[PDB]
Each structure stands twice: as structure tokens, then as C-alpha cells.
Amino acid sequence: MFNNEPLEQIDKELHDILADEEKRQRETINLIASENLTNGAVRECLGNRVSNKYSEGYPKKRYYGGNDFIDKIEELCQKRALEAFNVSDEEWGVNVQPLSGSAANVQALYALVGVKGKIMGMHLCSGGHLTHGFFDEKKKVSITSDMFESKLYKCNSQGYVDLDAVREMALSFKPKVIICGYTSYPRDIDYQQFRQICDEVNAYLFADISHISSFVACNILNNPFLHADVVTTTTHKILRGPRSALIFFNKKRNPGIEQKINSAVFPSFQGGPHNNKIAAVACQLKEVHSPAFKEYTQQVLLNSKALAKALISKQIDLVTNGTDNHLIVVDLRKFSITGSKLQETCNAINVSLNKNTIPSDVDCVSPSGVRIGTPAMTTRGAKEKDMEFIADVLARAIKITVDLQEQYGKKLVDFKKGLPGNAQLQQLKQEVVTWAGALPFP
């Protein structure tokens, strides 16, 4: 007693918008540092009937029965997760149920500290995520600043983590968790030196490696698994999985943390897991361990270095003046434009990037930089030589943005008015569309 017509027939209205979305993705130079492209195998898992199943609880400890094939999927995924990040299932455990990166962080923080518990994180403006305790003067913006008491450290004016201020604050504030690992941070992290500040005050070390997850798995960047109590990561960014999250916990360093994490996830926060997500993760985590994926990650860095170098060669400033990972933050001050404007200009051009704060910005509205990353374009097959073109396209957009601001003014409202019917943008979009539209596309 069901309609089994294909999506096209059953709901043409929506099949259209989706088909449109697919073409936009196909014809864009996507520089969103947190985006990637899932392969057909992952998306078979996300669309699998395994999501009909309620599986509240953990494997071999389910509330309901008929969960034996589910138990095996969840177990394969915890296993593939632990080898992916090159840790022994005797020292580390992992929860594979958190529905997103933000849920994992909240859950793990609650587990470690509880309501009213004290936490430290990097400010959003300096590159921290919302779930790292973010708030401003007039609002507890993230639950992590409301159900917890949070304090936010900054980067120094060169755009680096000011470790000494981290300490000036950690001794003053005496938190139970210090978070590092970031949303928009162009450099590798000194986890060892985070591990020493933690000890000095008896706090847990929380590492959120969602942006750099692949670099950790492939031993290209510092391993936080050597110093951290808890490591979280989304599965959908540089990792190239579905939209989901992982919590890892060091049991050798804190036994009985396993129960704390497992129970904070369920039944404290979530109900039944999304089993199609877990299936999709298992699928990608296999791929993560394969040497063809270390190859991919290596290309992400090569492309990122090549892009940074090419951008500097055309006299564009980058925060910290380069990158160790997959992302660059462009400092636009010398051109007297905002990141807000360049985001709009690149939109008109089928280039996805987003505005970013820079250390000298005293506000998230109208910031003076943009964030770019290479994971998505690398997936599409772009090699180091193609970064020249992307750099070319960005500088060209920067100049047009300068031009249009001179013609229409510095007001965001006014500025945007210049964008439609601009001959140069239309010529540039077509270059973009023609190069993008023909790149390998999963």
C-alpha cells in the first residue's frame, strides 16, 4: 500500500530543483574549505533500507531485537574508524552515532564536564567553531556557552594561536576542558603544548580535527591521538564521508570515560541512530585506510601550497603568510574591500568561497578576509598546475570587486547592485563554467 514511482514521476517539482543543484555543483569552482564530493558508494549507503531500523542502544546491548545485521554494521564502522586513525582498540574507543559535528561536540563536552561545567575554546573570529563555547556581549550564541561556562582565547595579530595567552587564561579560569582544533585555521597545531597546559591545571584535552581529519589519518600533520583525551571529527569534510560525526576517547588515560561518552550520546542526547549514516561511514572509512586516499590527501596539500604560492606571486596577502593544511585565508585590507563583497563577486562567477575574520577585524559583519580550501577541487581532479588558473580567477575577481566598489560605493546594498549585467563577470563566469563543467564529477 505504497507509491513506488521514481522520484521523477512522483515529485517532478523537486526532481527539477535537485537536477538544477547537481548542475550548479558540476559547474562551480568550489573553494568552501569544509565541502567535498561524496562518491556513488557512499550515496548508495545513505539511500539504503537500513534506515528503516530502530537501533537505540549499542551493539550486543540493543533495546529491541532483530538488530544483528545492524550490530555488525556498527561494529565494522567502529573498527574501520580505529584503524583509519591508526589507534589500537585497547587504548582508544569510538562512538559512531552522533548525527553531526555540532551534536558530537556538545555530547562529548557534556560527558566530560556536565551542566555548569567549565570549558575553553578558540573564539569564532579567530577560527574556532560555534560548539567551542561561542558567545558575544549580548547573547549566549551556542548552547556550549549556555549549558557550560565558557572562555574564549584569541589568535595573535599574526593569526597564530597565542599559546601564552591560552595559559594566562587557563590558570586564571581553571577549566575542565580545553578545546583546540578549528574551523578556519591555516596552520598545524601544537597539541603537545596544549597537553602541557592541560596537565598544569588538571583539565581534559579536547581536539576537534574535523577540517584536518585526513591529515591526521595519513600522518601528514601532527597526530593529536598522542596527547588528547577526546578527539572529535565530522566525517563529511576533508574525510569525504557522509554528514556524520565521530567521538574518540582515550581509555588508557581515563577509564570509565567510555561509559560517560556512550551514555551522553544515548540516552542523554540522541535516540535511535541513523543506520544509513553509519553504513555510509563504514564505506568511506575503508577508502580512508587505502593508499589511494593518502595519495588524495597529499594532493590536497600540494594544491593548497601551489595555490598559496600562486596567490602570493600576484601580490595577495594570506593570514600567517601561507598554509600547512588544506586552507588559506586571504587578507584583503590592501585592496580596501571586505570579504563580504568578494563572496558576492565570486558567487556571480560560480566560485564558492566564504568571508572570514582576520585578526585586525573587531566584528564578524563585514570581515576583511575570505576562506578557501582545496579538498573539493582536488576530488574533481585539479593538479598543482590548475592552481595558477584558480589564483588567476581570484585576482581577476578581486580587481572587479575593487572596480565595482569604486563605481557604486562601499555600502553592501549599493555594491551588490553592480553585479548583474557586468560584461567582465559574464566573460569570467563562462571561463569558470567551461573549465569546471568538464572536470571529473562523482
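Rigid core (definition): largest C-alpha set, two forms, superposition within 1.5 Å. Residues carry their position along the shown sequence, with the first being 1.
Fitting each structure in 8 other deposited structures of this protein onto the rigid core and averaging C-alpha distances over structures and residues, 407-415 emerges as the more displaced of 407-415 and 391-399. Choosing between 224-232 and 365-373, the greater Cα displacement from the shown form in 8 other deposited structures of this protein, fitted by the core, goes with 365-373. Remark: stretch with higher mean C-alpha B factor among 131-139 and 102-110 is 131-139. Averaged over CA atoms, B-factors in the entry run higher in 174-182 than in the other of 320-328 and 174-182. The entry lists C-alpha B-factors for 236, 116, 211, 305, and the highest of these is at 116.
For the set 201, 96, 312, 124, the PDB entry assigns the largest Cα B-factor to 201.
Ranked within its chain, residue 86 lands in the highest third, by CA B factor from the PDB record. When all modelled residues of the chain are sorted by CA temperature factor, residue 194 is found within the highest third. In the PDB entry, residue 53 places in the lowest third of its chain by CA B-factor. Sorting the modelled residues of the chain by their CA temperature factor places residue 416 in the highest third. Annotation for residue 43: CA B-factor lies in the middle third of the chain's modelled residues.
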